[PDB]
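Read the single chain below, which is given as structure tokens and is the form solved without its partner chain.
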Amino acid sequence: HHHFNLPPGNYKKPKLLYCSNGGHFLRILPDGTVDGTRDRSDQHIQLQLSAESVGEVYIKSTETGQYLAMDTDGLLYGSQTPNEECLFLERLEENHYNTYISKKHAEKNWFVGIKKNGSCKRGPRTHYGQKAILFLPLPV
């Protein structure tokens, strides 16, 4: 369903997923809530990525152990355990950024994304070409 241009990073260390849209870091709150925050000091923005298969990743909160996941209705949530909804296709975009496509909903082009207001986007509302889906992994 999708191209295979991969980004040039590794999963050695945790990262911050900086969204260029509004400048928010992706956050997985203890209650399972997922949003974005501009507070670099937030304890819930440190994520450990890991590769399942080449180009397939898990995105986990170092603080809580929760996995980033996208539900049947396109809502991002924090999962206590790894499941099919937790896999994302990590790809390069615009020869620069990282994008994360829901593996489970790949055919539909549902992406991880953050609005200028700090609220995450719902799967069906995302699409190729948007600013909300563009991320830069920053060191913690």
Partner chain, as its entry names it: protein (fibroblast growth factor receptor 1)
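Residue numbers count along the first chain shown, from 1.
The following text describes the form deposited with its partner chain bound, which does not appear among the structures shown.
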| item | value |
| --- | --- |
| In the deposited complex, residue 77 touching its partner chain (heavy atom, 4.5 Å) | no |
| In the deposited complex, residue 84 touching its partner chain (heavy atom, 4.5 Å) | no |
| 4.5 Å heavy atom contact, residue 92 to its partner chain in the deposited complex | yes |
| 4.5 angstroms heavy atom contact with its partner chain in the deposited complex for residue 53 | yes |
| Sequence-ordered residues of 59-82 touching its partner chain in the deposited complex, heavy atom within 4.5 Å | none |
